[PDB]
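Participant: Once you've had a glance at the structure underneath, I'll fire off some questions.
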There are 2 protein chains.
Amino acid sequence: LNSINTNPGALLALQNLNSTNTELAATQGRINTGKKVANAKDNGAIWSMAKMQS
Amino acid sequence: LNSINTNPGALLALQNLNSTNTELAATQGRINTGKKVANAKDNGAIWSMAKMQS
């Protein structure tokens, strides 16, 4: 409301900005490595099939 | 009535001014702290709830 101690709106805006930052970091990863699933964290199943294929 | 030893009306005026002074002090606390339940005396149940939540 009119609270001075805690304002929710900065918290919501920071959550949105943090989501934007994480997805931007994911695009930075996909760009710098050229691989949509560069490691097991991206997708363990597809990464395992690709590792056996390689 | 016409007594000079004591005048009740001044006592009632002092009582109303004291009530105004307590309301003003409560407003000063609500302003400088920013909390309507800053301590246990404002409301013990809401204060304990907020304390456990924090």
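Letters for chains follow the order of the structure tokens (A, B, ...), residue numbers begin at 1 for each chain, and ligand numbers begin at 1 in the order shown.
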Do a neighbour search on region 20-31 of chain B at 12 Å with only C-alpha atoms, toss out local chain neighbours closer than 5 positions, and write the hits as a list in words.

Facilitator: residues 2, 3, 4 and 5 of chain A; 13, 14, 15, 36, 37, 38, 39, 41 and 42 of chain B

Participant: Could you give me, as a tab-separated table, a per-residue list for chain B showing, wherever an atom lies at most 10 Å from an atom of chain A, the closest pair of atoms and their distance in Å to one decimal, using only C-alpha atoms and sorting by chain then residue number from low to high?

Facilitator:
residue	atom	partner	partner_atom	distance
B:31	CA	A:4	CA	9.7
B:33	CA	A:5	CA	8.7
B:34	CA	A:4	CA	6.3
B:35	CA	A:5	CA	7.9

Participant: Give me a file of those residues, with C-alpha atoms, as a tab-separated table (two decimals), in the first residue's frame.

Facilitator:
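Saved file again.tsv follows:
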chain	number	residue	atom	x	y	z
B	31	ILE	CA	5.16	7.81	11.63
B	33	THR	CA	8.71	3.80	12.96
B	34	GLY	CA	6.57	3.28	9.87
B	35	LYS	CA	4.69	0.45	11.61

Participant: As a PyMOL selection string, which residues of chain B does DSSP assign to alpha helix (DSSP H)?

Facilitator: chain B and resi 8-33+44-53

Participant: Just the selected residues (N, CA and C atoms), exported as a compact mmCIF listing (two decimals), in the first residue's frame, please.

Facilitator:
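Output contents, as saved in result.txt:
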# COMPACT_ATOMS: atom_id res chain seq x y z
N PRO B 8 -13.95 21.54 38.50
CA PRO B 8 -13.99 20.31 37.69
C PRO B 8 -13.78 20.53 36.21
N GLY B 9 -14.22 21.66 35.66
CA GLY B 9 -14.13 21.85 34.22
C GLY B 9 -12.69 21.86 33.72
N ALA B 10 -11.78 22.42 34.52
CA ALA B 10 -10.37 22.34 34.17
C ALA B 10 -9.87 20.90 34.20
N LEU B 11 -10.40 20.08 35.10
CA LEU B 11 -10.02 18.67 35.12
C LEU B 11 -10.49 17.96 33.86
N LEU B 12 -11.72 18.24 33.43
CA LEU B 12 -12.21 17.62 32.19
C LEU B 12 -11.42 18.11 30.98
N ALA B 13 -11.04 19.39 30.97
CA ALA B 13 -10.23 19.90 29.87
C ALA B 13 -8.85 19.27 29.85
N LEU B 14 -8.26 19.06 31.03
CA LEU B 14 -6.98 18.38 31.10
C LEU B 14 -7.10 16.93 30.64
N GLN B 15 -8.24 16.30 30.92
CA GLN B 15 -8.45 14.93 30.47
C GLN B 15 -8.54 14.86 28.95
N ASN B 16 -9.29 15.78 28.34
CA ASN B 16 -9.40 15.78 26.89
C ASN B 16 -8.07 16.11 26.23
N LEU B 17 -7.32 17.05 26.81
CA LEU B 17 -6.00 17.37 26.27
C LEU B 17 -5.04 16.21 26.43
N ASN B 18 -5.15 15.45 27.52
CA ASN B 18 -4.31 14.27 27.69
C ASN B 18 -4.65 13.20 26.66
N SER B 19 -5.93 13.03 26.34
CA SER B 19 -6.30 12.08 25.30
C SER B 19 -5.76 12.51 23.95
N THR B 20 -5.82 13.82 23.66
CA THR B 20 -5.24 14.32 22.42
C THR B 20 -3.73 14.11 22.39
N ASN B 21 -3.08 14.27 23.54
CA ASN B 21 -1.63 14.08 23.60
C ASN B 21 -1.26 12.62 23.38
N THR B 22 -2.03 11.68 23.94
CA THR B 22 -1.74 10.28 23.70
C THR B 22 -1.97 9.91 22.24
N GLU B 23 -3.03 10.45 21.62
CA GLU B 23 -3.24 10.18 20.20
C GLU B 23 -2.10 10.76 19.37
N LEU B 24 -1.59 11.93 19.75
CA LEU B 24 -0.49 12.52 19.00
C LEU B 24 0.79 11.71 19.17
N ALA B 25 1.05 11.21 20.38
CA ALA B 25 2.25 10.40 20.59
C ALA B 25 2.16 9.09 19.83
N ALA B 26 0.96 8.50 19.77
CA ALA B 26 0.79 7.29 18.98
C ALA B 26 1.00 7.56 17.50
N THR B 27 0.55 8.73 17.01
CA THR B 27 0.81 9.08 15.62
C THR B 27 2.30 9.31 15.37
N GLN B 28 3.00 9.92 16.32
CA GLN B 28 4.44 10.11 16.15
C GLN B 28 5.16 8.77 16.07
N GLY B 29 4.72 7.80 16.88
CA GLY B 29 5.34 6.48 16.81
C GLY B 29 5.03 5.77 15.51
N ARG B 30 3.77 5.87 15.06
CA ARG B 30 3.37 5.25 13.81
C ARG B 30 4.10 5.87 12.62
N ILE B 31 4.48 7.14 12.73
CA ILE B 31 5.16 7.81 11.63
C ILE B 31 6.65 7.49 11.64
N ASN B 32 7.33 7.76 12.76
CA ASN B 32 8.78 7.59 12.77
C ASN B 32 9.18 6.13 12.63
N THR B 33 8.36 5.21 13.14
CA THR B 33 8.71 3.80 12.96
C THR B 33 8.26 3.28 11.61
N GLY B 44 -0.39 -7.80 20.61
CA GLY B 44 0.54 -8.90 20.81
C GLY B 44 0.38 -10.02 19.80
N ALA B 45 -0.86 -10.31 19.40
CA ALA B 45 -1.08 -11.43 18.49
C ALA B 45 -0.53 -11.12 17.10
N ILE B 46 -0.86 -9.95 16.56
CA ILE B 46 -0.35 -9.58 15.24
C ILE B 46 1.17 -9.46 15.28
N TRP B 47 1.71 -8.99 16.41
CA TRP B 47 3.16 -8.83 16.51
C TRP B 47 3.85 -10.19 16.53
N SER B 48 3.30 -11.16 17.26
CA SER B 48 3.90 -12.49 17.25
C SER B 48 3.76 -13.16 15.89
N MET B 49 2.64 -12.92 15.20
CA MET B 49 2.47 -13.48 13.86
C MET B 49 3.53 -12.93 12.91
N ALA B 50 3.70 -11.60 12.91
CA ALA B 50 4.70 -10.99 12.05
C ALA B 50 6.11 -11.39 12.47
N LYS B 51 6.33 -11.63 13.76
CA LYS B 51 7.66 -12.02 14.21
C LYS B 51 8.02 -13.41 13.70
N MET B 52 7.09 -14.36 13.80
CA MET B 52 7.34 -15.69 13.26
C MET B 52 7.50 -15.65 11.75
N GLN B 53 6.72 -14.80 11.08
CA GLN B 53 6.82 -14.72 9.63
C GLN B 53 8.17 -14.15 9.21
